[PDB]
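What follows is one structure encoded as structure tokens, with my remarks underneath.
Counting starts at 1 for both ligands and their atoms, in listed order. The analysis underlying the following values was restricted to heavy atoms, covering all of them including side chains, and did not include hydrogens, waters or symmetry mates. Convention: sequence-line order gives letters A, B, ...; per-chain numbering from 1.
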Amino acid sequence: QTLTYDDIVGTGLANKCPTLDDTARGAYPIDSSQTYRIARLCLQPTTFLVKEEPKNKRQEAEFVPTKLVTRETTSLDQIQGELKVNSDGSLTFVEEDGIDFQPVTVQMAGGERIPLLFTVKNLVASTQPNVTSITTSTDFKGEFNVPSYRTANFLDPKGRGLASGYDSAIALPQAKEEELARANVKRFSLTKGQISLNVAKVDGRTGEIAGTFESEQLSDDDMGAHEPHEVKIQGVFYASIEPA
Amino acid sequence: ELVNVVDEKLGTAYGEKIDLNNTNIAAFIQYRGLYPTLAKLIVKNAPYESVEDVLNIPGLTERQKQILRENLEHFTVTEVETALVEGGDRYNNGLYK
Amino acid sequence: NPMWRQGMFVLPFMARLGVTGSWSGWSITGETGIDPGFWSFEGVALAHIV
Amino acid sequence: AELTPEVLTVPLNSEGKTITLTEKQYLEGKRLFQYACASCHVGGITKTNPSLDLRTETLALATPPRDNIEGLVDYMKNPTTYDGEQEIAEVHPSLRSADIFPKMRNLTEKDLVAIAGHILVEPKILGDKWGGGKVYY
Amino acid sequence: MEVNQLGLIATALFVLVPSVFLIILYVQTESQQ
Amino acid sequence: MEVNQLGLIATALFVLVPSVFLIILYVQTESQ
Amino acid sequence: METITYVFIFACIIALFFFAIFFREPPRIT
Amino acid sequence: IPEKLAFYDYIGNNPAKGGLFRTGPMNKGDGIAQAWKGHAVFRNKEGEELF
Amino acid sequence: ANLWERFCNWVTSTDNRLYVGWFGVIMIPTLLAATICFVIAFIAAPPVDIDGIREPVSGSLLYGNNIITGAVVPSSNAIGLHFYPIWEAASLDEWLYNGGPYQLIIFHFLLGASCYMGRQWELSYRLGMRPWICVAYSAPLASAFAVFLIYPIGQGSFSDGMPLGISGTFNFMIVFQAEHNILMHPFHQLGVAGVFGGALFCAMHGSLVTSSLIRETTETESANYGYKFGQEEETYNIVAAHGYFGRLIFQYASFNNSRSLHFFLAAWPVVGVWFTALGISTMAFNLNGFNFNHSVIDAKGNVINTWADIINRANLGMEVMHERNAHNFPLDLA
Amino acid sequence: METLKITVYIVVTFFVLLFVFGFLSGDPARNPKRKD
Ligand SMILES: CCCCCCCCCCCCCCCCCC(=O)OC[C@H](CO[C@@H]1O[C@H](CO[C@H]2O[C@H](CO)[C@H](O)[C@H](O)[C@H]2O)[C@H](O)[C@H](O)[C@H]1O)OC(=O)CCCCCCCCCCCCCCCCC
Ligand code: CLA
Ligand code: CLA
Ligand SMILES: CC(C)=CCC/C(C)=C/CC/C(C)=C\CC/C(C)=C/CC/C(C)=C/CC/C(C)=C/CC/C(C)=C/CC/C(C)=C\CC/C(C)=C/CC1=CC(=O)C(C)=C(C)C1=O
Ligand code: HEC
Ligand SMILES: CC1=C(/C=C/C(C)=C/C=C/C(C)=C/C=C/C=C(C)/C=C/C=C(C)/C=C/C2=C(C)CCCC2(C)C)C(C)(C)CCC1
Ligand code: OEY
Ligand SMILES: [Cl-]
Ligand SMILES: [Cl-]
């Protein structure tokens with residue numbers, strides 16, 4: 001028994017990943033030979049934390065909590081990729097495709113909006129060696145790519161862009177442009193992020209697994225205009241395994 | 001020290017030939033027999049170290065290898081430019097007519 | 001950079017009797033992510049206008 | 001300026017033979033083109049795939065060459081992709097697919113020639129406008 | 001915002017001088033009847 | 001001189017407001 | 001300072017509204 | 001070429017380039033002219049002069 | 001003497017300084033809700049992601065606007081025509097980002113304005129008046145429904161109803177022209193005729209009465225003191241006004257019946273503005289102004305441009321620039 | 001939020017019923033001439 005679109009539509013359940021029975025404490029074993037894919041990886045964030053900028057030299061700022069303002073638009077889903085068995089029995093997941101990004105803006109205390117591209121683009125995530133079974137103590141660790149939040153065609157409010165748009169501040173024709181280079185010259189950032197996936201529930205019959213994830217990445221730098229913030233994303237995940 | 005990478009890219013062979021590593025897929029219509037089929041393939045299998053690497057695309061029929069040879073002089077390869085390949089922009093870069 | 005360096009005159013009389021936080025999530029103790037309810041600096045000010 | 005035989009004269013085939021349309025044929029093809037084609041090809045663009053237009057230089061580089069009556073009449077019967085590699089009668093109006101594209105049903109053979117003639121003549125009249133898009137409106 | 005400083009004085013006088021003129025004529029009108 | 005540019009508006013209103021007060025009281029006196 | 005000026009003027013208009021309605025010269029017949 | 005004559009050939013002294021609420025002297029806009037930089041000549045890679 | 005009856009008598013009393021009435025019972029709370037939220041939002045609302053593309057537009061004074069640039073920004077295109085009350089948001093911070101205040105303000109105002117029209121009927125009845133002033137007012141009211149409700153309904157989003165600000169108004173009318181060619185639409189042309197003609201006849205009527213005032217005063221006093229509120233005799237000579245204006249044009253193009261004349265004053269701008277409200281209301285369903293682009297061509301078939309084609313070059317510049325990051329496909333179909 | 005929602009439903013309902021019952025209360029008769 002499962003739900004249909006018309007049962008889901010407008011509930012918010014569309015933004016929630018599938019869950020596993022609290023009874024599902026099994027194990028899914030790995031034939032060193034036979035090959036495996038992940039047919040659906042789903043990541044549902046629950047918490048967004050931003051690193052403060054502590055002004056001084058030895059205070060190291062806190063991760064503070066934020067209010068989401070972009071509503072139930074946050075989840076990655078339909079992600080798929082190879083799941084490899086390495087020489088030493090570690091498993092490596094290689095993301096291929098899926099809805100693997102969501103723009104998000106959270107709001108810090110005091111009103112500052114922080115946008116970010118919550119993503120796992122190009123994720124490669126490995127386990128410990130000598131796995132031989134996925135269990136309620138398997139941990140995946142890996143890193144991914146975080147492209148620029150806007151892509152190259154994006155025009156700022158004065159028409160300036162990277163692959164399109166004006167190359168100067170046309171409203172200030174005889175102004176000195178040195179002050180304005182950072183805002184006139186757009187840059188396409190490309191950074192890396194890190195993620196931990198902790199498996200806590202495992203259906204040995206069906207190959208489904210689920211658990212918790214923590215991700216660290218950078219926020220939007222507005223095409224070079226300003227410095228990014230560090231973001232920590234916590235939530236829950238769900239993945240399904242198939243022999244390839 | 002702040003450069004526009006796309007403008008900088010127009011000063012390379014990318015500004016004069018089809019860059020097999022960067023150029024949007026609609027450029028493969030300027031020369032015959034290349035679109036959509038070979039173009040689909042060149043893009044999917046990018047990036048290339050040299051122009052002549054496209055002949056080693058698996059699955060190529062001898063007729064296909066013949067069109068690519070016919071057109072190698074219209075291709076180049078420069079370094080992959082993140083800003084031209086992210087966002088699926090090699091398949092749709094937002095330009096229509 | 002506490003309030004008394006920024007020429008705040010009435011802010012400390014609100015703080016004195018218990019009004020410590022803002023509808024925008026900050027408190028003058030520096031604690032982030034606080035919900036003061038109605039009796040924030042904002043609502044105190046609103047109530048005097050009304 | 002006027003609609004002279006030299007403008008109404010277009011390639012018949014790739015050999016290099018020519019045919020001179022009549023004013024009638026030209027206006028016949030324009031009308032038929034609005035009836036069966038302009039919904040997607042108004043002004044020589046392709047609203048549903050703007051990367052392919054009806055300019056003569058684009059048609060010339062299609063496989064097989066389509067800058068002539070024979071190629072265009074053929075395309076209206078058995079349309080292919082630009083490289084000739086796959087037949088696309090299932091998604092492009094054609095006599096081959098007049099069952100799913102009912103407007104092609106009452107097109108005769110001489111209608112096809114009038115339409116191909118219009119497509120080849122209009123660029124000679126309108127220039128860059130034909131297939132150029134809104135920039136040239 | 002980087003705004004014209006004299007805008008303030010200009011606005012105040014623009015309001016104050018014409019307004020004060022009307023009040024002067026109103027009050028001395030009421031004191032007649 | 002790098003003066004306080006709020007000084008101009010302070011001085012202007014320092015003068016205008018109380019002067020207007022006086023003028024208003026005087027004129028309505030003369031009209032009764 | 002611009003914000004305060006804009007709102008100050010807007011506030012004076014609202015006050016003026018109040019007096020023009022409730023403290024008007026009351027029209028008197030003939 | 002005397003600088004004075006070159007300075008006339010500059011749209012910033014065109015009176016039809018201002019604004020109603022753009023106040024003050026022309027110098028408050030483009031600044032106080034200090035020097036003629038020279039007459040700029042553009043050429044392409046083929047050495048054609050360009051305008 | 002009963003409690004409900006005494007309430008009903010106070011609601012409908014002709015002795016309150018401002019009439020309340022049953023329509024008033026709904027108008028007052030809704031106009032206050034809309035007004036108060038408007039004032040606070042205009043001064044202090046943070047930026048709003050009108051077009052649903054995570055590109056917030058700042059509309060309030062404290063976020064760097066002046067009186068001319070400020071606005072309550074329309075709600076997000078992500079919401080479309082969905083109802084977005086405060087209690088549907090996870091928080092006020094979310095509601096502010098997505099533009100909740102706009103919906104609150106417009107729905108309360110349209111309700112309260114509708115009751116304003118009803119109130120005009122109602123007091124007319126209590127005072128023994130004829131009833132149709134409210135019909136005059138339906139013209140402006142209709143106009144407000146068109147830009148805040150009907151056009152959003154036809155286009156699928158409140159992001160496309162008119163901003164509540166001065167520069168946002170201009171944005172809305174430029175984009176309308178690009179997409180609908182409103183200038184070339186006859187119903188808009190009748191609006192201009194109703195508005196220009198209204199201003200003309202306003203000036204005419206005011207200058208004719210003013211020209212024919214009967215001498216009742218000296219050079220040293222406002223002529224206005226020649227009329228005393230509630231006097232029974234007329235204060236001007238209409239036969240003199242008729243005699244001047246009839247000769248200015250010709251006799252039979254001038255009114256000597258003051259009832260006909262005043263009805264004519266009422267009908268011309270009311271009807272013109274009904275039509276212009278209808279213009280917005282039907283262009284909401286994309287039945288746009290006349291299109292004569294390339295209608296004139298020569299013997300060969302060259303396009304011979306007209307002023308319509310020049311207008312089209314302008315419309316095109318508006319088209320291609322508006323909401324410059326929000327279109328991913330070649331046709332802007334809504 | 002749920003408390004806000006209840007409150008508004010209550011406030012609105014109240015005003016709408018004042019309106020409905022106000023006009024049901026013999027509105028034709030509240031004019032200056034003929035009462036019935
Ligand atoms: C002319 C004559 C006419 C008659 C005159 C009538 C006189 C009455 C005039 C009314 C004046 C209204 C004043 C405006 C009120 C708006 C206050 C607001 O919205 O303020 C509400 C505050 C604001 O909330 C805070 O609002 C903040 C909003 O932030 C924003 O605001 C910040 C502060 O500016 C910064 O700008 C920040 O960057 C920006 O994001 C945060 O989101 C906080 O988390 C959030 O708590 O909330 C609170 O706690 C409020 C309590 C809600 C708690 C939940 C219980 C629900 C209670 C239901 C309410 C009942 C309503 C009464 C009707 C009953 C009828 C019998
Ligand atoms: C013909 C009159 C005239 C002219 C052409 C000039 C021209 C000039 N003056 Mg001079 N000036 C004048 C009169 C004039 N001045 C007078 C009478 C005074 C005394 C107040 C001054 C005091 C003065 C000073 C102190 C300075 C100048 C400066 C300047 C220069 C800048 C002007 C500027 O920014 O404009 C600004 C113009 C406007 C913003 C337009 C304002 C018009 C408003 C909008 C009209 C109001 C509309 C009204 C309310 C409508 C309601 C009607 C309805 C209700 C019925 C320029 C060469 C400046 C300069 O550079 O000198 C070194 C400078 O600093 N002038
Ligand atoms: C000479 C040039 C010219 C002229 C004369 C007009 C004239 C007009 N245009 Mg066109 N327009 C023009 C050029 C022109 N336009 C151009 C160049 C463009 C394209 C850029 C347009 C685009 C255009 C659009 C897109 C629209 C118009 C509309 C209109 C009408 C606006 C007035 C109106 O709607 O009244 C109607 C009356 C009102 C809107 C008033 C409603 C008032 C409510 C009921 C009450 C308000 C209460 C208030 C908030 C509080 C007051 C209380 C106080 C105490 C504060 C009018 C017929 C509008 C129209 O037809 O509207 C239907 C419209 O939407 N025009
Ligand atoms: C080479 C050679 C020699 C060539 C030969 C050329 C040759 C020599 C030519 C020479 C020509 C010649 C010698 C001259 C004769 C030419 C001639 C007769 C030409 C006609 C000229 C012409 C263009 C005239 C313009 C006509 C015109 C524009 C008028 C139209 C009027 C009009 C539409 C008005 C609207 C009126 C309206 C609808 C209602 C009234 C308005 C209004 C409601 C007012 C309010 C109001 C009204 C009242 O009424 C009263 C009472 C009161 C109270 C009041 O409130
Ligand atoms: C939309 C429903 C269309 C209608 C109606 C017609 N055509 Fe079309 N055409 C359409 C598409 C999407 C494409 C591209 C097909 C592809 O993937 O290659 C085309 C292509 C053509 C071409 C080839 C152009 C070229 O540059 O090689 C021609 C000559 C052509 N179409 C002609 C044509 C005629 C004559 C039509 C009416 C009878 C007609 N098309 C209708 C979409 C649509
Ligand atoms: C100058 C000076 C001085 C003095 C000063 C003063 C004295 C001040 C005052 C001031 C003040 C004293 C202020 C006030 C303000 C107020 C306000 C700001 C208010 C507002 C209100 C409102 C807005 C309301 C509204 C309403 C109504 C009316 C009804 C209903 C309800 C409501 C609420 C809505 C000194 C000595 C220090 C010295 C220095 C200088
Ligand atoms: O005109 Mn152009 O169309 Ca009616 O939507 Mn499509 O773009 Mn956008 O949101 Mn406002 O605006
Ligand atoms: Cl726009
Ligand atoms: Cl789109």
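- Heavy-atom proximity to I/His242, at under 4.0 Å, picks out these atoms of ligand 4: 51 (C).
- The protein heavy-atom contact nearest to atom 36 (C) of ligand 4 is I/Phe245 CZ, 4.3 Å.
- Shortest contact from atom 5 (O) of ligand 7 to any protein heavy atom: I/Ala334 O, 3.0 Å.
- Protein heavy atom nearest atom 30 (C) of ligand 4, with residue, atom name and distance: I/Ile249 CG2, 5.0 Å.
- The nearest heavy-atom contact from the protein to atom 44 (C) of ligand 4 is I/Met204 CB, 3.7 Å.
- Heavy atoms of I/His322 approach ligand 7 to within less than 4.0 angstrom.
- Under a 4.0 Å heavy-atom criterion, I/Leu261 is in contact with ligand 4.
- Of all protein heavy atoms, the one lying nearest to atom 51 (C) of ligand 4 is I/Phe255 O, 2.9 Å.
- Among the atoms of H/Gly24, some N or O lies under 3.5 angstrom from an N or O of ligand 2.
- Look at I/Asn77 and you'll find every heavy atom at least 4.0 Å from all atoms of ligand 7.
- Restricting I/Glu323 to its N, O or S atoms, the one at the least distance from atom 8 (Mn) of ligand 7 is OE1.
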Could you please spell out the steps behind the side chain to side chain donor-acceptor pair (under 3.5 Å) verdict for D/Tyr137 and I/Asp309? CA-CA 8 Å; D/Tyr137 284 5; I/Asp309 300 290; over 6 Å; no

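- Remark: atom 39 (C) of ligand 2 lies closer than 4.0 Å to at least one protein heavy atom.
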Take A/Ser164 and A/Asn153 through the test side chain to side chain donor-acceptor pair (under 3.5 Å) and record every step on the way to the result. CA-CA 6 Å; A/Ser164 186; A/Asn153 290 3; over 6 Å; no

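- The nearest heavy-atom contact from the protein to atom 6 (Mn) of ligand 7 is I/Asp332 OD1, 2.0 Å.
- By the 4.0 Å N-to-carboxylate-O rule, A/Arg71 lies too far from I/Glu88 to be salt-bridged with it.
- Side-chain contact, I/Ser143 with I/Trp274: no donor N or O sits under 3.5 Å from an acceptor N or O.
- I/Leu208 CD1, 3.2 Å is the protein heavy atom nearest to atom 46 (C) of ligand 4.
- Nearest to atom 49 (O) of ligand 4 among the protein's heavy atoms is I/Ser254 OG, 2.7 Å.
- Shortest contact from atom 35 (C) of ligand 4 to any protein heavy atom: I/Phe201 CE2, 4.9 Å.
- Protein heavy atom in closest approach to atom 1 (O) of ligand 7: I/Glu179 OE2, 2.1 Å.
- For the pair I/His327 and ligand 7, the shortest N or O to N or O distance falls below 3.5 Å.
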